[PDB]
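Working notes, beginning with the structure itself.
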Amino acid sequence: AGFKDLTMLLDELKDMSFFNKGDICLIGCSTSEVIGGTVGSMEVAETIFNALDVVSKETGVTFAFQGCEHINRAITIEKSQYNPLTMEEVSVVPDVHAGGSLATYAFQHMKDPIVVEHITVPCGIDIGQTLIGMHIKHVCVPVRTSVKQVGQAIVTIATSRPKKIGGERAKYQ
Amino acid sequence: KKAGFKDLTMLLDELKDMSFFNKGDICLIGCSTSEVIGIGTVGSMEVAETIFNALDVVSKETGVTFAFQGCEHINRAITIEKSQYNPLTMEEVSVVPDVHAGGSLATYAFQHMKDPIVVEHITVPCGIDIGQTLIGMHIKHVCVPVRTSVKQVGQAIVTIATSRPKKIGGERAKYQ
Amino acid sequence: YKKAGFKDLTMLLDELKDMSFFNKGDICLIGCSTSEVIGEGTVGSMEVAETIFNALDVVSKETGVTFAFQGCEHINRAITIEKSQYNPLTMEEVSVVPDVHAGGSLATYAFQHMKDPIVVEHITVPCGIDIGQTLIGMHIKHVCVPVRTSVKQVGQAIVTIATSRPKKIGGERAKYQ
Amino acid sequence: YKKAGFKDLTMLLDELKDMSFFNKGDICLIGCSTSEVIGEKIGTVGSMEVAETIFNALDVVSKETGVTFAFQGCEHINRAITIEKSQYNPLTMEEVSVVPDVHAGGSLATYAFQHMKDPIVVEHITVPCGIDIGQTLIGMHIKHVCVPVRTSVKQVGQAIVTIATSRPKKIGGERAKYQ
Amino acid sequence: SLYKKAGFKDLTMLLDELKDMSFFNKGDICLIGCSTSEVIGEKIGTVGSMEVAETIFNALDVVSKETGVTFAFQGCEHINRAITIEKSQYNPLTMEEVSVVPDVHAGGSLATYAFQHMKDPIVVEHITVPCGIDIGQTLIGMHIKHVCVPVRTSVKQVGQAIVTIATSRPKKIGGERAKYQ
Amino acid sequence: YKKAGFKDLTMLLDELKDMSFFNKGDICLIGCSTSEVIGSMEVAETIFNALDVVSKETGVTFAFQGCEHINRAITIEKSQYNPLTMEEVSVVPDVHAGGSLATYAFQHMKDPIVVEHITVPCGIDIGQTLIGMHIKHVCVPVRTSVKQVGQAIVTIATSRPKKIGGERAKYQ
């Protein structure tokens, strides 16, 4: 099911250099979409969190976890990734029914978690159509993958690239 | 039996019934006509036409207006009627959407608007994404997905977003 | 004589009127702690809120100024205003219903007695009145200028009055008249 | 000093009119150094005479085209801009407290302030076009993207003149179309 | 010696109280708003007002060395409440240097004293800091990081000047189901 | 000295050096129209190379404004890119879409990037391309005895803080 699909998706992304040292990658997830209760949903969250952590150690990318709309899509990150110049800490503690399973799991298992109101990151992974485009550095570009689902959840992968500028005579090489 | 038409008509009727379209709002459309089919410019422009025309019916019924996201080659710049341009919140840019640099629907919309202009960025209260082009960068915070019984338009996955204010306040705060 | 703070507030408002503090079309931000007025309970606090809200409404009708009500820190000092004063260009609506223990007595009273209330995250206004040292400076248009009044308290609450004026710019040779 | 620059300025303004540079309802920013027009340091009487001639020529254009003018002050007043209050937009501009003087603001800004119906000074401004007489620099005030305008009249008296208009950013990759 | 002593005991007690409630954190900036005339309770000349400024500055400096907090000094409205800080605390990313030199009659006594006794002073147009102390109702809330929270103290005055203390904390967010622990 | 602009530019740069215009760690923005100098890649080369000498002597670095066809986007070394204050854009300056100097600079930098906007403390405009949009407020023109580079009018800008305060304010 979801574990096999996720493992394959992550290996594919690694192989296409989607995960870059020092980048933050935003995760949008709905564990219920993966399956199609809080015990079960937290087990899925655990598996996803742990798989992402392996990728983090292999590639040097770090992950940020989007909460659900009840907490205004506020984002859980490690304090070591907090930049006060670009981010604003907010007070809330993600819960299964107010944040969602993965953000809740991430908060509980981080060394020093904090929640920020907004974030801009160069890439992200959306599992189950929660939407993540508000978080991706302009210009947001979808990434085609061979693995299109994690369990029963549609997956969307986004990267980013600079705006192209200039008129008819402009060159790009 | 024209590609997408029946699914789109059903989706729009559903949205109407849930008061998704409000008089005076702008609704952003993200579309990939190739996703609807699953391939040339003739065919893609025919799909664009059907989508544009269905949206126009909704516009006349509800008083909502539509904005059309271009593809990444033109930096997702947005085509709108000049009557909806607000210089205080939007920045006009120079480009003319083309099938191979903008995409079929943005190109069709540009050509069939009374007085089109293209803006670099936009913030709108709701939107419809046909074919996973992504539209969340355009939706007023906080963006809320809308569940519909119609999941596809032709072969294209469809995503619907509305918006609502940030909920603020600590443990003792009230919301009614 | 029936209401705590009423005489002091009436005198303060008359003074402010006389110094042209209240201008047609301006928004004036009110910061209030009703417990400070009494000197430290929901019945009593709501009575004070009522008196303040009602007195301010009279001023509004006389001068054409409108009032915005700051909430407590539990609602992030969010501001309650009439929807007719909402400007989407400069303000951001947020979802919260002020309550006595989550917003404060005056914001709660104002919310319940407005025609069409909304709450915004932040606001910038040309003047304001702080009853009981809640602080209002974050809301006042730069440059914020304190206004001296002969009325220093409303009941037991210290009162602070702020207006605003443009930044003064220019080097040593600059002129100002 | 009452005649200095007059012929050149009049010709430059007529040229600009003829190329539709002045549009009804637009604001055009003026940067001026009256000493550059003469070509030497001149005293306040002379400098104010040059300011008067420039102001009056601009006013004729204003009445003919419906454009309005904004006047940049010198660096001593932080390049603050003098405009008619009727053109103040609090959403985009910030009023500042200063009264332009010949030795703190410059002759033209001072003259403009004194002869406007209801002048105010703002800290910054963004406008679609402008005219710089004597290389005071005005590009900080012009809407992006700022585009120099070629003119047949290149000087007003001894002052180099720079004319700027504006146009949208051109965007898109190599496949993008502009017509 | 009147003006050299005025406010000293009250200020020292206020600062000890604040220390005890962990108000002063290493590496934070604390904004000071002051009116020396309020401390005395009447208009006073420049000699006297500068003596009060000295006493305040010196008391704050003791706290600075003990806690590792640094102080920023708000000027009066004549200089648009511009703020005097040590250059070591200047962050060009978040602050904008302006040109003015605080004077007793254009800046106020404390900002003037601070400017003259700093190692390398700079004046900035605006600042956002996590906490502050207002002596004499000059208002300081425009400088405090959102969300600004008043701090209750048992010391209510420094001499004759009403004292207000502010700290800051993050916005609380989320709906009715949200958790904060 | 016969190479177009070279003598005038060398004198201008020496003058500026002598008035401490070039400071270690500053970025200086160059606006150039090589056609104005003459009346184009050879001129660009001479300018770029002269500026590079100054860079090594003073520790200032240079940023090169492109023409209006590329929205005055600015070419800089990546080592000077600050993502907090600048935004990378995709374009490669060309002689007919960027101008000769920006084109030359792009091709001869170690690791060039183009940014949409920039704010720098000082700049040099050769041929009235305009550069004031890039200069830190408050922008102050600098008078030089060298008025032209070849046939191109030259403008020099530095910057200083806003002066603030009312009539009683002091500035020393």
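Residue numbers start at 1 in each chain; chains themselves are named A, B, ... in the order of the structure tokens; ligands are numbered from 1 in the order shown.
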What's around residue 119 of chain E at 8 Å? Count only C-alpha atoms, leave out sequence neighbours fewer than 2 positions away in its own chain, and write the answer as a PDB file with N, CA, C and O atoms, in the first residue's frame.
ATOM      1  N   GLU E  86      23.258  51.346  20.247  1.00  0.00           N
ATOM      2  CA  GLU E  86      24.649  51.068  19.941  1.00  0.00           C
ATOM      3  C   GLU E  86      24.718  50.480  18.520  1.00  0.00           C
ATOM      4  O   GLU E  86      23.869  49.677  18.129  1.00  0.00           O
ATOM      5  N   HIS E 117      27.004  58.952  25.749  1.00  0.00           N
ATOM      6  CA  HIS E 117      27.751  57.999  26.560  1.00  0.00           C
ATOM      7  C   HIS E 117      27.866  56.592  26.002  1.00  0.00           C
ATOM      8  O   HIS E 117      28.493  55.727  26.602  1.00  0.00           O
ATOM      9  N   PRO E 121      27.182  55.258  18.989  1.00  0.00           N
ATOM     10  CA  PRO E 121      25.734  55.392  18.847  1.00  0.00           C
ATOM     11  C   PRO E 121      25.282  55.584  17.398  1.00  0.00           C
ATOM     12  O   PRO E 121      26.000  56.163  16.638  1.00  0.00           O
TER      13      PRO E 121
END
Chain E residues near chain B within 8 Å, closest pair each, using only C-alpha atoms, as JSON lines:
{"residue": "E:171", "atom": "CA", "partner": "B:169", "partner_atom": "CA", "distance": 7.8}
{"residue": "E:172", "atom": "CA", "partner": "B:170", "partner_atom": "CA", "distance": 5.2}
{"residue": "E:173", "atom": "CA", "partner": "B:168", "partner_atom": "CA", "distance": 4.4}
{"residue": "E:174", "atom": "CA", "partner": "B:167", "partner_atom": "CA", "distance": 5.1}
{"residue": "E:175", "atom": "CA", "partner": "B:167", "partner_atom": "CA", "distance": 5.3}
{"residue": "E:176", "atom": "CA", "partner": "B:174", "partner_atom": "CA", "distance": 6.9}
{"residue": "E:178", "atom": "CA", "partner": "B:171", "partner_atom": "CA", "distance": 7.2}
{"residue": "E:179", "atom": "CA", "partner": "B:171", "partner_atom": "CA", "distance": 6.9}
{"residue": "E:180", "atom": "CA", "partner": "B:171", "partner_atom": "CA", "distance": 6.8}
Tell me the residues of chain F close to chain A, meaning within 6 Å using only C-alpha atoms, as a ChimeraX atom specification.
/F:69-70,89-92,97
List the neighbours of residue 98 of chain B out to 10 Å using only C-alpha atoms; skip same-chain residues closer than 4 positions along the sequence, and give me the result as a VMD selection string.
(chain B and resid 70 to 71 74 102 to 108 110 to 111) or (chain D and resid 175 to 179)
Could you turn the residues from that selection into a file that holds N, CA, C and O atoms, as a PDB file, in the first residue's frame?
ATOM      1  N   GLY B  70      -1.838  31.552 -16.665  1.00  0.00           N
ATOM      2  CA  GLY B  70      -1.025  31.063 -17.757  1.00  0.00           C
ATOM      3  C   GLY B  70      -0.053  30.026 -17.230  1.00  0.00           C
ATOM      4  O   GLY B  70       0.126  29.864 -16.001  1.00  0.00           O
ATOM      5  N   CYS B  71       0.611  29.325 -18.138  1.00  0.00           N
ATOM      6  CA  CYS B  71       1.539  28.269 -17.726  1.00  0.00           C
ATOM      7  C   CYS B  71       2.853  28.872 -17.201  1.00  0.00           C
ATOM      8  O   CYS B  71       3.054  30.123 -17.204  1.00  0.00           O
ATOM      9  N   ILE B  74       5.296  31.563 -18.981  1.00  0.00           N
ATOM     10  CA  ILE B  74       4.995  32.960 -18.714  1.00  0.00           C
ATOM     11  C   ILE B  74       4.763  33.210 -17.215  1.00  0.00           C
ATOM     12  O   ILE B  74       3.963  34.073 -16.819  1.00  0.00           O
ATOM     13  N   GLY B 102       1.791  29.984 -22.545  1.00  0.00           N
ATOM     14  CA  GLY B 102       0.610  30.461 -21.852  1.00  0.00           C
ATOM     15  C   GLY B 102      -0.443  29.374 -21.696  1.00  0.00           C
ATOM     16  O   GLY B 102      -1.099  29.311 -20.678  1.00  0.00           O
ATOM     17  N   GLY B 103      -0.613  28.563 -22.746  1.00  0.00           N
ATOM     18  CA  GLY B 103      -1.558  27.471 -22.754  1.00  0.00           C
ATOM     19  C   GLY B 103      -2.848  27.854 -23.426  1.00  0.00           C
ATOM     20  O   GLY B 103      -3.167  29.018 -23.583  1.00  0.00           O
ATOM     21  N   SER B 104      -3.610  26.836 -23.832  1.00  0.00           N
ATOM     22  CA  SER B 104      -4.777  27.018 -24.666  1.00  0.00           C
ATOM     23  C   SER B 104      -5.858  27.876 -24.025  1.00  0.00           C
ATOM     24  O   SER B 104      -6.464  28.705 -24.684  1.00  0.00           O
ATOM     25  N   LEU B 105      -6.155  27.641 -22.752  1.00  0.00           N
ATOM     26  CA  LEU B 105      -7.282  28.348 -22.142  1.00  0.00           C
ATOM     27  C   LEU B 105      -6.940  29.835 -21.942  1.00  0.00           C
ATOM     28  O   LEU B 105      -7.758  30.696 -22.224  1.00  0.00           O
ATOM     29  N   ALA B 106      -5.741  30.126 -21.454  1.00  0.00           N
ATOM     30  CA  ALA B 106      -5.349  31.531 -21.247  1.00  0.00           C
ATOM     31  C   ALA B 106      -5.308  32.262 -22.591  1.00  0.00           C
ATOM     32  O   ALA B 106      -5.709  33.435 -22.694  1.00  0.00           O
ATOM     33  N   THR B 107      -4.859  31.551 -23.628  1.00  0.00           N
ATOM     34  CA  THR B 107      -4.794  32.110 -24.979  1.00  0.00           C
ATOM     35  C   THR B 107      -6.197  32.410 -25.475  1.00  0.00           C
ATOM     36  O   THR B 107      -6.482  33.488 -25.975  1.00  0.00           O
ATOM     37  N   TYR B 108      -7.103  31.443 -25.323  1.00  0.00           N
ATOM     38  CA  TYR B 108      -8.515  31.586 -25.752  1.00  0.00           C
ATOM     39  C   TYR B 108      -9.159  32.755 -24.998  1.00  0.00           C
ATOM     40  O   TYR B 108      -9.829  33.584 -25.614  1.00  0.00           O
ATOM     41  N   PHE B 110      -7.744  35.363 -23.465  1.00  0.00           N
ATOM     42  CA  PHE B 110      -7.154  36.621 -23.930  1.00  0.00           C
ATOM     43  C   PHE B 110      -7.821  37.084 -25.220  1.00  0.00           C
ATOM     44  O   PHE B 110      -8.188  38.237 -25.353  1.00  0.00           O
ATOM     45  N   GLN B 111      -7.990  36.165 -26.181  1.00  0.00           N
ATOM     46  CA  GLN B 111      -8.537  36.512 -27.482  1.00  0.00           C
ATOM     47  C   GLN B 111     -10.015  36.832 -27.477  1.00  0.00           C
ATOM     48  O   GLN B 111     -10.490  37.485 -28.388  1.00  0.00           O
TER      49      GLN B 111
ATOM     50  N   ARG D 175       9.741  31.367 -25.865  1.00  0.00           N
ATOM     51  CA  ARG D 175       8.555  31.062 -26.705  1.00  0.00           C
ATOM     52  C   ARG D 175       7.474  32.135 -26.558  1.00  0.00           C
ATOM     53  O   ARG D 175       6.516  32.101 -27.348  1.00  0.00           O
ATOM     54  N   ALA D 176       7.616  33.042 -25.582  1.00  0.00           N
ATOM     55  CA  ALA D 176       6.581  34.013 -25.313  1.00  0.00           C
ATOM     56  C   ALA D 176       6.387  34.991 -26.457  1.00  0.00           C
ATOM     57  O   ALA D 176       7.333  35.295 -27.215  1.00  0.00           O
ATOM     58  N   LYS D 177       5.142  35.459 -26.602  1.00  0.00           N
ATOM     59  CA  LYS D 177       4.731  36.424 -27.625  1.00  0.00           C
ATOM     60  C   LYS D 177       4.370  37.734 -26.967  1.00  0.00           C
ATOM     61  O   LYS D 177       3.988  37.754 -25.801  1.00  0.00           O
ATOM     62  N   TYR D 178       4.521  38.847 -27.701  1.00  0.00           N
ATOM     63  CA  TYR D 178       4.303  40.228 -27.175  1.00  0.00           C
ATOM     64  C   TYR D 178       3.290  40.998 -28.038  1.00  0.00           C
ATOM     65  O   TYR D 178       2.939  42.125 -27.674  1.00  0.00           O
ATOM     66  N   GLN D 179       2.817  40.381 -29.126  1.00  0.00           N
ATOM     67  CA  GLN D 179       1.788  40.889 -30.021  1.00  0.00           C
ATOM     68  C   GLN D 179       0.799  39.773 -30.348  1.00  0.00           C
ATOM     69  O   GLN D 179       1.044  38.555 -30.240  1.00  0.00           O
TER      70      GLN D 179
END
Tell me, counting only C-alpha atoms, for each residue of chain D within 12 Å of chain B, which pair of atoms is nearest and how far apart they are in Å to one decimal, in rows ordered by chain and increasing number, as JSON lines.
{"residue": "D:89", "atom": "CA", "partner": "B:88", "partner_atom": "CA", "distance": 11.1}
{"residue": "D:90", "atom": "CA", "partner": "B:88", "partner_atom": "CA", "distance": 11.9}
{"residue": "D:91", "atom": "CA", "partner": "B:88", "partner_atom": "CA", "distance": 8.5}
{"residue": "D:92", "atom": "CA", "partner": "B:88", "partner_atom": "CA", "distance": 8.3}
{"residue": "D:143", "atom": "CA", "partner": "B:91", "partner_atom": "CA", "distance": 10.8}
{"residue": "D:144", "atom": "CA", "partner": "B:91", "partner_atom": "CA", "distance": 10.1}
{"residue": "D:145", "atom": "CA", "partner": "B:93", "partner_atom": "CA", "distance": 10.2}
{"residue": "D:166", "atom": "CA", "partner": "B:92", "partner_atom": "CA", "distance": 11.9}
{"residue": "D:167", "atom": "CA", "partner": "B:94", "partner_atom": "CA", "distance": 8.5}
{"residue": "D:168", "atom": "CA", "partner": "B:93", "partner_atom": "CA", "distance": 5.0}
{"residue": "D:169", "atom": "CA", "partner": "B:93", "partner_atom": "CA", "distance": 5.2}
{"residue": "D:170", "atom": "CA", "partner": "B:94", "partner_atom": "CA", "distance": 4.7}
{"residue": "D:171", "atom": "CA", "partner": "B:95", "partner_atom": "CA", "distance": 6.1}
{"residue": "D:172", "atom": "CA", "partner": "B:74", "partner_atom": "CA", "distance": 4.1}
{"residue": "D:173", "atom": "CA", "partner": "B:73", "partner_atom": "CA", "distance": 5.6}
{"residue": "D:174", "atom": "CA", "partner": "B:73", "partner_atom": "CA", "distance": 8.4}
{"residue": "D:175", "atom": "CA", "partner": "B:101", "partner_atom": "CA", "distance": 5.7}
{"residue": "D:176", "atom": "CA", "partner": "B:101", "partner_atom": "CA", "distance": 5.2}
{"residue": "D:177", "atom": "CA", "partner": "B:96", "partner_atom": "CA", "distance": 5.3}
{"residue": "D:178", "atom": "CA", "partner": "B:95", "partner_atom": "CA", "distance": 4.8}
{"residue": "D:179", "atom": "CA", "partner": "B:96", "partner_atom": "CA", "distance": 6.1}
So which residues touch residue 43 of chain F within 9 Å, counting only C-alpha atoms, skipping near sequence neighbours fewer than 3 positions away, as a PyMOL selection string?
chain F and resi 3-6+34-35+37-38+40+46-48+100-101
Generate the output file for the selected residues, C-alpha atoms, as a PDB file, in the first residue's frame.
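Dumped everything to out23.pdb:
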ATOM      1  CA  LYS F   3      40.992  52.988 -27.138  1.00  0.00           C
ATOM      2  CA  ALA F   4      37.618  54.732 -26.914  1.00  0.00           C
ATOM      3  CA  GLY F   5      36.794  56.070 -23.449  1.00  0.00           C
ATOM      4  CA  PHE F   6      39.852  54.582 -21.785  1.00  0.00           C
ATOM      5  CA  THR F  34      28.668  51.939 -25.063  1.00  0.00           C
ATOM      6  CA  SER F  35      27.095  53.496 -28.160  1.00  0.00           C
ATOM      7  CA  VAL F  37      30.717  56.480 -25.525  1.00  0.00           C
ATOM      8  CA  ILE F  38      31.537  56.167 -29.220  1.00  0.00           C
ATOM      9  CA  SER F  40      30.474  48.053 -28.809  1.00  0.00           C
ATOM     10  CA  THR F  46      37.781  48.187 -21.777  1.00  0.00           C
ATOM     11  CA  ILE F  47      35.204  49.406 -19.209  1.00  0.00           C
ATOM     12  CA  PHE F  48      34.843  46.007 -17.564  1.00  0.00           C
ATOM     13  CA  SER F 100      27.110  45.336 -24.438  1.00  0.00           C
ATOM     14  CA  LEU F 101      28.499  45.913 -20.970  1.00  0.00           C
TER      15      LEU F 101
END
List every residue of chain D that has an atom at most 8 Å from any atom of chain C, and for each one report the closest atom pair and its distance in Å to one decimal, counting only C-alpha atoms, with rows sorted by chain and then by increasing residue number, as a tab-separated table.
residue	atom	partner	partner_atom	distance
D:76	CA	C:171	CA	5.6
D:77	CA	C:170	CA	4.3
D:78	CA	C:170	CA	6.6
D:95	CA	C:166	CA	6.1
D:96	CA	C:166	CA	5.0
D:97	CA	C:168	CA	4.6
D:98	CA	C:176	CA	4.9
D:99	CA	C:176	CA	5.1
D:100	CA	C:175	CA	6.8
D:101	CA	C:175	CA	6.6
D:103	CA	C:173	CA	6.8
D:104	CA	C:174	CA	5.1
D:105	CA	C:174	CA	7.8
If we count only C-alpha atoms and set the cut-off at 10 Å, which residues sit around residue 163 of chain C, ignoring sequence neighbours fewer than 4 positions away in its own chain? Please answer as a short mmCIF file (atom, residue, chain, number, x, y, z; two decimals) with N, CA, C and O atoms, in the first residue's frame.
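Ended up saving to out_27.cif:
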data_model
loop_
_atom_site.label_atom_id
_atom_site.label_comp_id
_atom_site.auth_asym_id
_atom_site.auth_seq_id
_atom_site.Cartn_x
_atom_site.Cartn_y
_atom_site.Cartn_z
N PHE C 21 -10.25 67.27 18.96
CA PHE C 21 -9.60 65.97 18.89
C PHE C 21 -10.35 64.98 17.98
O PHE C 21 -9.74 64.08 17.42
N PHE C 22 -11.68 65.15 17.87
CA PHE C 22 -12.55 64.24 17.11
C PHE C 22 -12.91 64.84 15.77
O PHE C 22 -13.60 65.85 15.72
N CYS C 28 -11.06 56.55 15.67
CA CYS C 28 -10.39 56.65 16.95
C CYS C 28 -10.41 55.28 17.63
O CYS C 28 -11.48 54.71 17.81
N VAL C 125 -4.68 54.14 12.84
CA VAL C 125 -5.66 55.17 12.98
C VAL C 125 -4.98 56.44 13.48
O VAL C 125 -3.90 56.39 14.08
N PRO C 126 -5.58 57.61 13.24
CA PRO C 126 -4.93 58.88 13.57
C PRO C 126 -4.97 59.26 15.06
O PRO C 126 -4.22 60.14 15.45
N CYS C 127 -5.83 58.61 15.85
CA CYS C 127 -5.94 58.97 17.25
C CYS C 127 -6.56 57.85 18.06
O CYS C 127 -7.12 56.88 17.50
N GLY C 128 -6.42 57.95 19.38
CA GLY C 128 -6.92 56.91 20.26
C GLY C 128 -6.94 57.35 21.71
O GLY C 128 -6.35 58.37 22.10
N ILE C 129 -7.66 56.55 22.51
CA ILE C 129 -7.85 56.77 23.94
C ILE C 129 -7.62 55.44 24.64
O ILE C 129 -8.24 54.44 24.27
N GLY C 137 -0.31 52.34 21.34
CA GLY C 137 0.64 53.00 20.48
C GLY C 137 0.93 52.29 19.16
O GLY C 137 1.24 52.94 18.14
N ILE C 140 -1.47 53.65 16.36
CA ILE C 140 -1.54 55.04 16.04
C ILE C 140 -0.58 55.33 14.88
O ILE C 140 0.56 54.94 14.91
N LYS C 141 -1.10 56.05 13.90
CA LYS C 141 -0.31 56.53 12.73
C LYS C 141 0.95 57.22 13.23
O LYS C 141 0.90 58.08 14.13
N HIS C 142 2.09 56.86 12.65
CA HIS C 142 3.36 57.55 12.93
C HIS C 142 3.23 58.97 12.39
O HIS C 142 2.76 59.15 11.27
N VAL C 143 3.55 60.01 13.18
CA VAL C 143 4.19 59.96 14.48
C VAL C 143 3.12 60.16 15.56
O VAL C 143 2.32 61.13 15.53
N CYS C 144 3.14 59.27 16.56
CA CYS C 144 2.16 59.32 17.65
C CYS C 144 2.57 60.41 18.64
O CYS C 144 3.73 60.45 19.07
N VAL C 145 1.61 61.29 18.99
CA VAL C 145 1.83 62.43 19.88
C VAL C 145 0.84 62.34 21.04
O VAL C 145 -0.37 62.41 20.84
N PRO C 146 1.32 62.23 22.30
CA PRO C 146 0.43 62.24 23.46
C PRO C 146 -0.31 63.58 23.56
O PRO C 146 0.27 64.61 23.21
N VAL C 147 -1.56 63.55 24.04
CA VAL C 147 -2.36 64.74 24.26
C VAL C 147 -2.56 64.90 25.75
O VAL C 147 -3.03 64.00 26.39
#
Contact set, chain A to chain C: 12 Å, only C-alpha atoms, as a ChimeraX atom specification:
/A:70-72,90-91
File of the preceding selection, N, CA and C atoms, as a compact mmCIF listing (two decimals), in the first residue's frame:
# COMPACT_ATOMS: atom_id res chain seq x y z
N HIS A 70 -7.92 24.33 10.03
CA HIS A 70 -8.38 24.70 11.37
C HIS A 70 -7.32 25.51 12.14
N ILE A 71 -6.04 25.23 11.86
CA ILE A 71 -4.93 26.04 12.35
C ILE A 71 -4.30 26.90 11.24
N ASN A 72 -5.15 27.35 10.31
CA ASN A 72 -4.77 28.30 9.25
C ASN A 72 -3.59 27.89 8.37
N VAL A 90 4.07 31.51 15.69
CA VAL A 90 2.74 31.62 16.25
C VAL A 90 2.57 30.52 17.31
N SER A 91 1.63 30.74 18.23
CA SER A 91 1.35 29.82 19.32
C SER A 91 0.15 28.97 18.97
Restrict the distance test to only C-alpha atoms, flag each residue of chain E within 12 Å of chain F, and return the flagged residues as a PyMOL selection string.
chain E and resi 75-83+92-108+112+115-116+122-125
Identify every residue of chain A that has at least one atom within 8 Å of any atom of chain B, counting only C-alpha atoms, and report the result as a PyMOL selection string.
chain A and resi 69-73+129-136+138-142+156+163-164
Within 6 Å of segment 5-22 of chain A using only C-alpha atoms, minus same-chain residues under 6 positions, as JSON, numbers by chain:
{"A": [59, 60, 61, 147, 150]}
Residue 128 of chain E environment, 9 Å, only C-alpha atoms, sequence neighbours closer than 3 positions dropped, as a short mmCIF file (atom, residue, chain, number, x, y, z; two decimals) with N, CA and C atoms, in the first residue's frame:
data_model
loop_
_atom_site.label_atom_id
_atom_site.label_comp_id
_atom_site.auth_asym_id
_atom_site.auth_seq_id
_atom_site.Cartn_x
_atom_site.Cartn_y
_atom_site.Cartn_z
N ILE E 29 16.91 43.28 23.00
CA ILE E 29 16.88 44.74 23.14
C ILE E 29 15.60 45.13 23.90
N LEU E 31 13.47 48.58 24.85
CA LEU E 31 13.26 49.97 24.51
C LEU E 31 12.84 50.75 25.75
N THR E 94 16.66 45.17 9.08
CA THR E 94 15.43 45.45 9.75
C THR E 94 15.31 46.90 10.22
N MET E 95 16.37 47.67 10.09
CA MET E 95 16.42 49.04 10.68
C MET E 95 17.00 49.98 9.61
N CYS E 131 10.62 43.87 24.28
CA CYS E 131 10.16 44.42 25.55
C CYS E 131 10.58 45.87 25.71
N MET E 142 4.28 51.17 19.86
CA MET E 142 4.66 51.14 18.46
C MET E 142 5.96 50.42 18.23
N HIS E 143 6.77 50.25 19.28
CA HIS E 143 8.07 49.58 19.18
C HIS E 143 8.13 48.13 19.59
N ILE E 144 7.05 47.62 20.17
CA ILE E 144 7.05 46.31 20.78
C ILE E 144 6.56 45.28 19.74
N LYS E 145 7.30 44.19 19.65
CA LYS E 145 6.95 43.03 18.79
C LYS E 145 5.52 42.59 19.10
N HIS E 146 4.72 42.39 18.05
CA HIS E 146 3.36 41.86 18.21
C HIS E 146 3.50 40.43 18.72
#
Using DSSP assignments from the backbone, pull out every residue in segment 40-83 of chain A that falls under alpha helix (DSSP H) and give it to me as a PyMOL selection string.
chain A and resi 40-59
Suppose we keep C-alpha atoms; can you now write the selection as a PDB file, in the first residue's frame?
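Generated file (result-v4.pdb):
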ATOM      1  CA  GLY A  40      -4.624   4.331  12.332  1.00  0.00           C
ATOM      2  CA  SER A  41      -4.039   7.849  11.044  1.00  0.00           C
ATOM      3  CA  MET A  42      -1.178   8.336  13.545  1.00  0.00           C
ATOM      4  CA  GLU A  43       0.400   5.043  12.373  1.00  0.00           C
ATOM      5  CA  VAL A  44       0.398   6.317   8.782  1.00  0.00           C
ATOM      6  CA  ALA A  45       1.845   9.632  10.011  1.00  0.00           C
ATOM      7  CA  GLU A  46       4.635   7.740  11.792  1.00  0.00           C
ATOM      8  CA  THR A  47       5.606   5.799   8.671  1.00  0.00           C
ATOM      9  CA  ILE A  48       5.668   8.975   6.528  1.00  0.00           C
ATOM     10  CA  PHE A  49       7.627  10.963   9.124  1.00  0.00           C
ATOM     11  CA  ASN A  50      10.225   8.196   9.493  1.00  0.00           C
ATOM     12  CA  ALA A  51      10.678   7.738   5.710  1.00  0.00           C
ATOM     13  CA  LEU A  52      11.159  11.510   5.288  1.00  0.00           C
ATOM     14  CA  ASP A  53      13.716  11.522   8.076  1.00  0.00           C
ATOM     15  CA  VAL A  54      15.828   8.920   6.226  1.00  0.00           C
ATOM     16  CA  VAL A  55      15.790  11.172   3.122  1.00  0.00           C
ATOM     17  CA  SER A  56      16.801  14.120   5.263  1.00  0.00           C
ATOM     18  CA  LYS A  57      19.941  12.325   6.525  1.00  0.00           C
ATOM     19  CA  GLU A  58      20.853  11.115   3.009  1.00  0.00           C
ATOM     20  CA  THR A  59      20.349  14.425   1.164  1.00  0.00           C
TER      21      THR A  59
END
Using only C-alpha atoms, pick whichever of B:146, B:86, B:33, B:130 has the shortest atom-to-atom distance to chain C.
B:86
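One distance worth recording is that between atom CA of residue 159 of chain C and atom CA of residue 45 of chain C, which is 16.9 Å.
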